[PDB]
Amino acid sequence: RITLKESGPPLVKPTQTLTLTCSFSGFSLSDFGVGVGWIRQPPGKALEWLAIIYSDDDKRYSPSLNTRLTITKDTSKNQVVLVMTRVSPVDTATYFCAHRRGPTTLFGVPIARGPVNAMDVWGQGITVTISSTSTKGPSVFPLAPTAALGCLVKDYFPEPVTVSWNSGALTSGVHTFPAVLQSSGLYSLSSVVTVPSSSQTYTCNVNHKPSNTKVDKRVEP
Amino acid sequence: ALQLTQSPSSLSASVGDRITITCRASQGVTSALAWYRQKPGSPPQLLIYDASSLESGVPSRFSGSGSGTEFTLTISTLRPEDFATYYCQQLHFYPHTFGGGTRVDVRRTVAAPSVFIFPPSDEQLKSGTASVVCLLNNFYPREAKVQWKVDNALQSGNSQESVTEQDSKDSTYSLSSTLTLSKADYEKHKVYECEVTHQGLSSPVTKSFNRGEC
Amino acid sequence: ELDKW
């Protein structure tokens, strides 16, 4: 069985260097034609190919990222490393490393080359965020007027943050939206709940453990 | 570089359906093409390699065909685990291009979004910032457009969106859009508008308020 | 540029 796993820092500040490590097992980078590639995925976006390195130390990079990437391998400790110099928030993404099969070899020979046409095994992936920002608790604001309603959980860092309504009793009609990383390097998120304009009190239970920021927020029209 | 356009971007389907996704290259990529399925939270999983070769372990309901510039992925009988996003990858040229992806969600009846506009709290305004939030609740399909207008001026570059994951019970999506201005700026206008365009709406619905009007 | 294989 083949496995790959990404390791590195979850946070990096702009202008800094990001060093990602891909530790694998089940194959060697001394094995014929084998390659290990890196692919990232910004939150909510498509896959973007970054680079690949093969057992013969052959290297290829993304043309648009070339000046900032360096890929390398340590055959002895099954590790492929990716160095990304001077990052910006756009570099924020999930980074995957993946295995690429080499050609099928029969005794001496390569009878088959179709298996190289894919990255057959991927690692879980590592999430990296780029912010010059420091740990910070959110400011909770009310969102007031079937009727809608909610809390604006704003300017916190880093992820994540928990949002509950009425200490967990209210769950139906709730929508806690995924957070957006603001140009400020802080996250902002909203949790809303729809109900029968007839009604019952509504309170947001907001908790951002990193900052130890805990907030209860009653919301009325 | 080389262009990998997927069709369609989003696809509505139900269990048991036969679906096909296509990946189109700007230049021939021979048979050097791979298809992957990605479930939220997980990494892409190889389904097809070399345009048609079925990867070991992958269910026979997955099938790939085509060569050159036209490639198709076929899932003969959709199972629950196929509600995911699919990607194609080209490995004939460097860089090894990936397509934009094809989201496959649970099909349901069309449902227009309940729109709601929230003005900024005075509590926030005191801090020097004004966030206007627009909410598009339980709609379908997942494809919606939100256009902010301030005193009829079109807003651009000052809003961020966020969509929920299809509801496991509703099969609907919900969208949050936040228009952010400075307090000074916010107080220089009166009509804050959220225009919503969506398939379940004959024409765009607009929700607004007049800053002030008490 | 062409792929390795």
# chains A, B, ... in the order shown; residues from 1 in each chain; ligands from 1

call {"tool": "interface_residues", "arguments": {"of": "chain A", "to": "chain B", "cutoff": "6 Å", "atoms": "only C-alpha atoms", "output": "ChimeraX atom specification"}}
result
/A:46,62,114,117-118,120,124,143,177-178

call {"tool": "select_by_dssp", "arguments": {"residues": "range 15-207 of chain B", "states": "strand (DSSP E)", "output": "mmCIF file with N, CA and C atoms, in the first residue's frame"}}
result
data_model
loop_
_atom_site.group_PDB
_atom_site.id
_atom_site.type_symbol
_atom_site.label_atom_id
_atom_site.label_comp_id
_atom_site.auth_asym_id
_atom_site.auth_seq_id
_atom_site.Cartn_x
_atom_site.Cartn_y
_atom_site.Cartn_z
ATOM 1 N N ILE B 19 -24.539 9.766 -15.763
ATOM 2 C CA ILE B 19 -24.051 11.090 -16.083
ATOM 3 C C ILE B 19 -22.763 11.050 -16.848
ATOM 4 N N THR B 20 -22.509 12.122 -17.579
ATOM 5 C CA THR B 20 -21.294 12.222 -18.339
ATOM 6 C C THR B 20 -20.772 13.638 -18.217
ATOM 7 N N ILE B 21 -19.469 13.719 -17.980
ATOM 8 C CA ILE B 21 -18.736 14.963 -17.822
ATOM 9 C C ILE B 21 -17.700 14.939 -18.936
ATOM 10 N N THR B 22 -17.396 16.089 -19.514
ATOM 11 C CA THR B 22 -16.411 16.110 -20.574
ATOM 12 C C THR B 22 -15.310 17.103 -20.265
ATOM 13 N N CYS B 23 -14.107 16.778 -20.705
ATOM 14 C CA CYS B 23 -12.958 17.611 -20.461
ATOM 15 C C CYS B 23 -12.377 17.882 -21.834
ATOM 16 N N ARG B 24 -12.259 19.153 -22.172
ATOM 17 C CA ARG B 24 -11.790 19.552 -23.487
ATOM 18 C C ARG B 24 -10.453 20.285 -23.446
ATOM 19 N N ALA B 25 -9.470 19.756 -24.175
ATOM 20 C CA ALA B 25 -8.140 20.362 -24.228
ATOM 21 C C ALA B 25 -7.990 21.311 -25.418
ATOM 22 N N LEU B 33 -4.589 11.576 -19.919
ATOM 23 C CA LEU B 33 -5.614 12.296 -19.186
ATOM 24 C C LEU B 33 -6.171 11.470 -18.049
ATOM 25 N N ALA B 34 -6.376 12.128 -16.915
ATOM 26 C CA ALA B 34 -6.882 11.465 -15.727
ATOM 27 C C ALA B 34 -8.140 12.105 -15.170
ATOM 28 N N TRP B 35 -9.010 11.267 -14.616
ATOM 29 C CA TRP B 35 -10.234 11.736 -13.990
ATOM 30 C C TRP B 35 -10.149 11.424 -12.495
ATOM 31 N N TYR B 36 -10.643 12.344 -11.671
ATOM 32 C CA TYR B 36 -10.631 12.179 -10.223
ATOM 33 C C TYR B 36 -11.951 12.598 -9.609
ATOM 34 N N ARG B 37 -12.260 12.011 -8.465
ATOM 35 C CA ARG B 37 -13.454 12.389 -7.750
ATOM 36 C C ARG B 37 -12.952 12.949 -6.434
ATOM 37 N N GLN B 38 -13.511 14.068 -6.013
ATOM 38 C CA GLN B 38 -13.098 14.649 -4.760
ATOM 39 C C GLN B 38 -14.303 14.936 -3.905
ATOM 40 N N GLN B 45 -9.439 11.490 -5.744
ATOM 41 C CA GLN B 45 -9.181 10.068 -5.846
ATOM 42 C C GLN B 45 -9.178 9.705 -7.324
ATOM 43 N N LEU B 46 -8.160 8.957 -7.728
ATOM 44 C CA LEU B 46 -8.025 8.511 -9.107
ATOM 45 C C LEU B 46 -9.120 7.516 -9.476
ATOM 46 N N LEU B 47 -9.778 7.767 -10.602
ATOM 47 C CA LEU B 47 -10.830 6.891 -11.098
ATOM 48 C C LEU B 47 -10.341 6.303 -12.405
ATOM 49 N N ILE B 48 -9.918 7.190 -13.301
ATOM 50 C CA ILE B 48 -9.449 6.796 -14.620
ATOM 51 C C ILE B 48 -8.084 7.390 -14.908
ATOM 52 N N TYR B 49 -7.209 6.563 -15.473
ATOM 53 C CA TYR B 49 -5.870 6.986 -15.860
ATOM 54 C C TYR B 49 -5.690 6.598 -17.325
ATOM 55 N N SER B 53 -8.259 3.761 -18.877
ATOM 56 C CA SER B 53 -7.892 2.662 -18.001
ATOM 57 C C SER B 53 -8.502 2.812 -16.616
ATOM 58 N N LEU B 54 -9.248 1.790 -16.221
ATOM 59 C CA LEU B 54 -9.904 1.772 -14.927
ATOM 60 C C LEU B 54 -8.884 1.488 -13.834
ATOM 61 N N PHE B 62 -17.628 3.563 -13.185
ATOM 62 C CA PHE B 62 -16.848 4.681 -13.699
ATOM 63 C C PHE B 62 -16.212 4.252 -15.008
ATOM 64 N N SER B 63 -16.268 5.141 -15.993
ATOM 65 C CA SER B 63 -15.751 4.838 -17.310
ATOM 66 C C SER B 63 -15.208 6.092 -17.990
ATOM 67 N N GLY B 64 -14.125 5.934 -18.736
ATOM 68 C CA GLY B 64 -13.558 7.073 -19.419
ATOM 69 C C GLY B 64 -13.314 6.771 -20.878
ATOM 70 N N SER B 65 -13.546 7.753 -21.742
ATOM 71 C CA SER B 65 -13.314 7.566 -23.165
ATOM 72 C C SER B 65 -12.793 8.846 -23.804
ATOM 73 N N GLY B 66 -12.362 8.725 -25.054
ATOM 74 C CA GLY B 66 -11.856 9.868 -25.782
ATOM 75 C C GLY B 66 -10.344 9.957 -25.817
ATOM 76 N N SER B 67 -9.848 10.770 -26.741
ATOM 77 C CA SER B 67 -8.419 11.006 -26.907
ATOM 78 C C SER B 67 -8.243 12.340 -27.626
ATOM 79 N N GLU B 70 -10.951 15.763 -26.784
ATOM 80 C CA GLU B 70 -12.295 15.482 -26.284
ATOM 81 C C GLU B 70 -12.301 14.272 -25.349
ATOM 82 N N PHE B 71 -12.606 14.491 -24.077
ATOM 83 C CA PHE B 71 -12.616 13.385 -23.129
ATOM 84 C C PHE B 71 -13.909 13.365 -22.335
ATOM 85 N N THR B 72 -14.414 12.172 -22.059
ATOM 86 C CA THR B 72 -15.638 12.070 -21.290
ATOM 87 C C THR B 72 -15.505 11.091 -20.140
ATOM 88 N N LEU B 73 -16.227 11.397 -19.074
ATOM 89 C CA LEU B 73 -16.266 10.561 -17.894
ATOM 90 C C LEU B 73 -17.714 10.128 -17.792
ATOM 91 N N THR B 74 -17.923 8.841 -17.577
ATOM 92 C CA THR B 74 -19.275 8.343 -17.469
ATOM 93 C C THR B 74 -19.462 7.560 -16.198
ATOM 94 N N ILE B 75 -20.508 7.904 -15.462
ATOM 95 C CA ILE B 75 -20.850 7.174 -14.260
ATOM 96 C C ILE B 75 -22.178 6.586 -14.690
ATOM 97 N N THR B 85 -17.248 16.533 -6.523
ATOM 98 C CA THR B 85 -16.709 17.331 -7.596
ATOM 99 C C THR B 85 -15.704 16.476 -8.353
ATOM 100 N N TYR B 86 -15.714 16.605 -9.672
ATOM 101 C CA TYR B 86 -14.830 15.821 -10.511
ATOM 102 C C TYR B 86 -13.826 16.694 -11.224
ATOM 103 N N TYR B 87 -12.634 16.149 -11.424
ATOM 104 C CA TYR B 87 -11.591 16.893 -12.085
ATOM 105 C C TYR B 87 -10.896 16.081 -13.130
ATOM 106 N N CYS B 88 -10.445 16.757 -14.176
ATOM 107 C CA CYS B 88 -9.675 16.067 -15.180
ATOM 108 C C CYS B 88 -8.302 16.677 -15.159
ATOM 109 N N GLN B 89 -7.329 15.873 -15.537
ATOM 110 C CA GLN B 89 -5.967 16.331 -15.554
ATOM 111 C C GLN B 89 -5.279 15.838 -16.796
ATOM 112 N N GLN B 90 -4.457 16.718 -17.326
ATOM 113 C CA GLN B 90 -3.716 16.468 -18.526
ATOM 114 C C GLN B 90 -2.259 16.276 -18.092
ATOM 115 N N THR B 102 -16.143 19.779 -11.991
ATOM 116 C CA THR B 102 -17.558 19.625 -12.253
ATOM 117 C C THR B 102 -18.188 19.148 -10.969
ATOM 118 N N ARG B 103 -19.026 20.001 -10.400
ATOM 119 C CA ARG B 103 -19.719 19.687 -9.162
ATOM 120 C C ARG B 103 -20.966 18.872 -9.499
ATOM 121 N N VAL B 104 -21.155 17.768 -8.796
ATOM 122 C CA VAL B 104 -22.320 16.939 -9.026
ATOM 123 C C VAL B 104 -23.129 16.955 -7.746
ATOM 124 N N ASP B 105 -24.272 17.634 -7.766
ATOM 125 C CA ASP B 105 -25.101 17.673 -6.572
ATOM 126 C C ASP B 105 -26.449 17.000 -6.760
ATOM 127 N N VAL B 106 -27.105 16.761 -5.636
ATOM 128 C CA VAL B 106 -28.400 16.118 -5.612
ATOM 129 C C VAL B 106 -29.435 17.013 -6.263
ATOM 130 N N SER B 114 -34.840 33.069 -0.553
ATOM 131 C CA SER B 114 -35.580 34.040 0.248
ATOM 132 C C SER B 114 -34.478 35.060 0.460
ATOM 133 N N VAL B 115 -34.699 36.303 0.059
ATOM 134 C CA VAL B 115 -33.648 37.294 0.216
ATOM 135 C C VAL B 115 -33.903 38.213 1.389
ATOM 136 N N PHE B 116 -32.828 38.535 2.090
ATOM 137 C CA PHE B 116 -32.896 39.372 3.269
ATOM 138 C C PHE B 116 -31.710 40.302 3.308
ATOM 139 N N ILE B 117 -31.941 41.569 3.620
ATOM 140 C CA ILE B 117 -30.813 42.482 3.717
ATOM 141 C C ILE B 117 -30.699 42.977 5.150
ATOM 142 N N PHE B 118 -29.479 42.949 5.666
ATOM 143 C CA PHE B 118 -29.222 43.375 7.027
ATOM 144 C C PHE B 118 -28.341 44.587 7.087
ATOM 145 N N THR B 129 -16.492 50.796 11.228
ATOM 146 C CA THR B 129 -16.756 49.969 10.065
ATOM 147 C C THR B 129 -18.238 49.654 9.889
ATOM 148 N N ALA B 130 -18.642 49.449 8.642
ATOM 149 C CA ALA B 130 -20.026 49.151 8.321
ATOM 150 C C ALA B 130 -20.133 47.926 7.419
ATOM 151 N N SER B 131 -20.733 46.856 7.925
ATOM 152 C CA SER B 131 -20.880 45.650 7.124
ATOM 153 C C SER B 131 -22.334 45.414 6.760
ATOM 154 N N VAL B 132 -22.618 45.345 5.466
ATOM 155 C CA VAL B 132 -23.979 45.102 5.032
ATOM 156 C C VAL B 132 -24.022 43.662 4.569
ATOM 157 N N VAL B 133 -24.986 42.914 5.088
ATOM 158 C CA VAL B 133 -25.109 41.508 4.760
ATOM 159 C C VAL B 133 -26.383 41.170 4.016
ATOM 160 N N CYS B 134 -26.219 40.402 2.948
ATOM 161 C CA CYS B 134 -27.356 39.976 2.164
ATOM 162 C C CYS B 134 -27.424 38.476 2.325
ATOM 163 N N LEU B 135 -28.627 37.953 2.517
ATOM 164 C CA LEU B 135 -28.795 36.523 2.686
ATOM 165 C C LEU B 135 -29.750 35.950 1.659
ATOM 166 N N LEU B 136 -29.274 34.919 0.968
ATOM 167 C CA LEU B 136 -30.051 34.196 -0.028
ATOM 168 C C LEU B 136 -30.254 32.845 0.640
ATOM 169 N N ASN B 137 -31.465 32.619 1.131
ATOM 170 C CA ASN B 137 -31.785 31.402 1.858
ATOM 171 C C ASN B 137 -32.478 30.282 1.073
ATOM 172 N N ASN B 138 -31.979 29.067 1.281
ATOM 173 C CA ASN B 138 -32.498 27.850 0.664
ATOM 174 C C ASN B 138 -32.907 27.931 -0.798
ATOM 175 N N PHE B 139 -31.930 28.029 -1.688
ATOM 176 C CA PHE B 139 -32.257 28.092 -3.101
ATOM 177 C C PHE B 139 -31.702 26.898 -3.846
ATOM 178 N N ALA B 144 -26.119 31.292 -8.038
ATOM 179 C CA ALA B 144 -26.754 32.585 -7.823
ATOM 180 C C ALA B 144 -25.817 33.773 -7.995
ATOM 181 N N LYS B 145 -26.393 34.938 -8.271
ATOM 182 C CA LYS B 145 -25.608 36.150 -8.427
ATOM 183 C C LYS B 145 -26.154 37.244 -7.516
ATOM 184 N N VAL B 146 -25.244 37.916 -6.823
ATOM 185 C CA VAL B 146 -25.577 38.982 -5.898
ATOM 186 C C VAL B 146 -24.895 40.255 -6.357
ATOM 187 N N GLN B 147 -25.674 41.314 -6.556
ATOM 188 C CA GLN B 147 -25.128 42.595 -7.002
ATOM 189 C C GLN B 147 -25.465 43.715 -6.023
ATOM 190 N N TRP B 148 -24.451 44.253 -5.357
ATOM 191 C CA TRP B 148 -24.677 45.329 -4.411
ATOM 192 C C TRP B 148 -24.762 46.668 -5.108
ATOM 193 N N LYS B 149 -25.678 47.504 -4.643
ATOM 194 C CA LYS B 149 -25.808 48.833 -5.195
ATOM 195 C C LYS B 149 -25.999 49.798 -4.051
ATOM 196 N N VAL B 150 -25.248 50.882 -4.099
ATOM 197 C CA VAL B 150 -25.303 51.906 -3.082
ATOM 198 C C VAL B 150 -25.681 53.174 -3.815
ATOM 199 N N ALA B 153 -25.069 53.134 -7.338
ATOM 200 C CA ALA B 153 -23.737 52.894 -7.835
ATOM 201 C C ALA B 153 -23.552 51.391 -7.691
ATOM 202 N N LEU B 154 -22.876 50.787 -8.655
ATOM 203 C CA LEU B 154 -22.640 49.361 -8.592
ATOM 204 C C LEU B 154 -21.421 49.114 -7.728
ATOM 205 N N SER B 159 -17.025 43.285 -1.572
ATOM 206 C CA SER B 159 -17.925 42.292 -1.014
ATOM 207 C C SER B 159 -17.295 40.919 -1.096
ATOM 208 N N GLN B 160 -17.725 40.035 -0.206
ATOM 209 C CA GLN B 160 -17.232 38.672 -0.193
ATOM 210 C C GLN B 160 -18.432 37.777 -0.003
ATOM 211 N N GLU B 161 -18.404 36.624 -0.655
ATOM 212 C CA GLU B 161 -19.496 35.667 -0.572
ATOM 213 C C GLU B 161 -19.077 34.396 0.130
ATOM 214 N N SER B 162 -20.067 33.579 0.454
ATOM 215 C CA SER B 162 -19.840 32.318 1.125
ATOM 216 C C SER B 162 -21.098 31.476 0.923
ATOM 217 N N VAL B 163 -20.922 30.264 0.402
ATOM 218 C CA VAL B 163 -22.057 29.382 0.174
ATOM 219 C C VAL B 163 -21.991 28.168 1.087
ATOM 220 N N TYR B 173 -29.098 25.416 -1.156
ATOM 221 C CA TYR B 173 -27.877 26.116 -0.828
ATOM 222 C C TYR B 173 -28.294 27.436 -0.224
ATOM 223 N N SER B 174 -27.392 28.044 0.525
ATOM 224 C CA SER B 174 -27.659 29.332 1.128
ATOM 225 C C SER B 174 -26.398 30.146 0.917
ATOM 226 N N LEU B 175 -26.578 31.423 0.608
ATOM 227 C CA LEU B 175 -25.455 32.294 0.335
ATOM 228 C C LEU B 175 -25.436 33.561 1.177
ATOM 229 N N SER B 176 -24.252 33.904 1.667
ATOM 230 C CA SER B 176 -24.055 35.101 2.467
ATOM 231 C C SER B 176 -23.143 36.058 1.720
ATOM 232 N N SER B 177 -23.556 37.308 1.593
ATOM 233 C CA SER B 177 -22.703 38.283 0.944
ATOM 234 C C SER B 177 -22.562 39.471 1.868
ATOM 235 N N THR B 178 -21.323 39.893 2.065
ATOM 236 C CA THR B 178 -21.046 41.006 2.944
ATOM 237 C C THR B 178 -20.396 42.170 2.216
ATOM 238 N N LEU B 179 -21.104 43.293 2.187
ATOM 239 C CA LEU B 179 -20.586 44.505 1.583
ATOM 240 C C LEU B 179 -19.909 45.212 2.756
ATOM 241 N N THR B 180 -18.659 45.628 2.583
ATOM 242 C CA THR B 180 -17.954 46.299 3.669
ATOM 243 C C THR B 180 -17.456 47.688 3.282
ATOM 244 N N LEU B 181 -17.854 48.696 4.050
ATOM 245 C CA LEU B 181 -17.417 50.057 3.790
ATOM 246 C C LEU B 181 -16.968 50.652 5.091
ATOM 247 N N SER B 182 -16.349 51.820 4.992
ATOM 248 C CA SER B 182 -15.919 52.539 6.172
ATOM 249 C C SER B 182 -17.190 53.219 6.685
ATOM 250 N N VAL B 191 -29.434 54.696 0.050
ATOM 251 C CA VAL B 191 -29.973 53.423 -0.389
ATOM 252 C C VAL B 191 -28.960 52.326 -0.622
ATOM 253 N N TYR B 192 -29.043 51.319 0.239
ATOM 254 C CA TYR B 192 -28.188 50.152 0.186
ATOM 255 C C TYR B 192 -29.068 49.030 -0.350
ATOM 256 N N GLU B 193 -28.690 48.527 -1.520
ATOM 257 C CA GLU B 193 -29.448 47.508 -2.237
ATOM 258 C C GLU B 193 -28.721 46.197 -2.523
ATOM 259 N N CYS B 194 -29.464 45.103 -2.425
ATOM 260 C CA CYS B 194 -28.927 43.787 -2.719
ATOM 261 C C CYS B 194 -29.769 43.209 -3.851
ATOM 262 N N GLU B 195 -29.210 43.162 -5.056
ATOM 263 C CA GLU B 195 -29.951 42.607 -6.183
ATOM 264 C C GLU B 195 -29.591 41.145 -6.358
ATOM 265 N N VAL B 196 -30.607 40.297 -6.420
ATOM 266 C CA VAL B 196 -30.375 38.874 -6.558
ATOM 267 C C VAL B 196 -30.919 38.297 -7.847
ATOM 268 N N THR B 197 -30.035 37.621 -8.570
ATOM 269 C CA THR B 197 -30.400 36.987 -9.820
ATOM 270 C C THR B 197 -30.291 35.493 -9.607
ATOM 271 N N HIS B 198 -31.361 34.791 -9.950
ATOM 272 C CA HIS B 198 -31.390 33.355 -9.786
ATOM 273 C C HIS B 198 -32.448 32.749 -10.669
ATOM 274 N N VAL B 205 -34.663 39.986 -7.869
ATOM 275 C CA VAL B 205 -35.328 40.507 -6.690
ATOM 276 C C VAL B 205 -34.308 41.414 -6.009
ATOM 277 N N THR B 206 -34.769 42.561 -5.524
ATOM 278 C CA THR B 206 -33.897 43.504 -4.844
ATOM 279 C C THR B 206 -34.465 43.816 -3.469
ATOM 280 N N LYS B 207 -33.614 43.697 -2.456
ATOM 281 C CA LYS B 207 -33.988 43.988 -1.084
ATOM 282 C C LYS B 207 -33.158 45.175 -0.671
#

call {"tool": "closest_atom_pairs", "arguments": {"of": "chain A", "to": "chain C", "cutoff": "9 Å", "atoms": "only C-alpha atoms", "output": "Markdown table"}}
result
| residue | atom | partner | partner_atom | distance |
| --- | --- | --- | --- | --- |
| A:33 | CA | C:5 | CA | 8.8 |
| A:58 | CA | C:4 | CA | 8.8 |
| A:102 | CA | C:5 | CA | 8.9 |
| A:103 | CA | C:5 | CA | 8.3 |
| A:113 | CA | C:5 | CA | 7.3 |
| A:116 | CA | C:5 | CA | 7.6 |
| A:117 | CA | C:5 | CA | 9.0 |

call {"tool": "atom_distance", "arguments": {"atom1": "CA of residue 203 in chain A", "atom2": "CA of residue 170 in chain A"}}
result
9.2 Å

call {"tool": "closest_residue", "arguments": {"among": "B:60, B:6, B:12, B:30", "to": "chain C", "atoms": "only C-alpha atoms"}}
result
B:30

call {"tool": "residues_around", "arguments": {"residues": "residue 16 in chain B", "least_positions_apart": "5", "cutoff": "12 Å", "atoms": "only C-alpha atoms", "output": "ChimeraX atom specification"}}
result
/B:61,75-83,106-107

call {"tool": "atom_distance", "arguments": {"atom1": "CA of residue 142 in chain A", "atom2": "CA of residue 113 in chain B"}}
result
21.5 Å

call {"tool": "select_by_dssp", "arguments": {"residues": "range 40-212 of chain A", "states": "helix (DSSP H, G or I)", "output": "list in words"}}
result
residues 66, 67, 68, 75, 76, 77, 89, 90, 91, 114, 115, 116, 166, 167 and 168 of chain A

call {"tool": "write_last_selection", "arguments": {"atoms": "C-alpha atoms", "output": "compact mmCIF listing (two decimals), in the first residue's frame"}}
result
# COMPACT_ATOMS: atom_id res chain seq x y z
CA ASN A 66 8.70 28.97 -11.13
CA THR A 67 10.69 31.83 -9.55
CA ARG A 68 9.35 30.92 -6.12
CA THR A 75 15.66 9.30 -1.40
CA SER A 76 16.97 7.86 1.86
CA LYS A 77 14.24 9.20 4.08
CA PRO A 89 -2.45 35.43 0.90
CA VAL A 90 -3.26 34.01 -2.54
CA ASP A 91 -0.90 31.19 -1.63
CA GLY A 114 -0.11 4.35 -19.81
CA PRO A 115 0.16 4.17 -15.96
CA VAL A 116 2.16 7.37 -15.81
CA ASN A 166 -29.72 29.05 21.93
CA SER A 167 -26.95 27.02 23.53
CA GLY A 168 -27.53 24.22 21.07

call {"tool": "atom_distance", "arguments": {"atom1": "CA of residue 94 in chain A", "atom2": "CA of residue 41 in chain A"}}
result
4.9 Å
